[PDB]
């Protein structure tokens, strides 16, 4: 599977690689999965997604209640 990360990748680890923008100190999430929950404000099902700074984050696999895998694509 093409362009996917684990839910629990750290923003701090992903972002410098996608040039995502730096976060502030009052950080609301630390992980890809956390990013998704933050934007949605709810428990994402499979195939829920969040758009953020020009990218889309889509939950492809849930293991239980954990977001296991997310698929990163590009927005318009």
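Residue numbers (the authors' numbering): 180 to 255. The C-beta atom is built at its ideal place from N, Cα and C for all residues, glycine as well.
Query                                                                                                                                  : Result
Runs of alpha helix (DSSP H) wholly within the region 202-238 (minimum 4 residues, chain order)                                        : 211-219
Contacts around residue 193, its chain only, beta-carbon distance under 8 Å, and the 5 residues preceding and following it disregarded : 184, 199, 211
Residue 240 (DSSP reduced to helix, strand or coil)                                                                                    : strand
Integer-rounded CB distance, given that residue 236 should sit under 8 Å from residue 254                                              : Not quite, the Cβ-Cβ distance comes to about 11 Å (not below 8 Å), so this is no contact.
C-beta contact flag for residue 238 and residue 251 at 9 Å                                                                             : no
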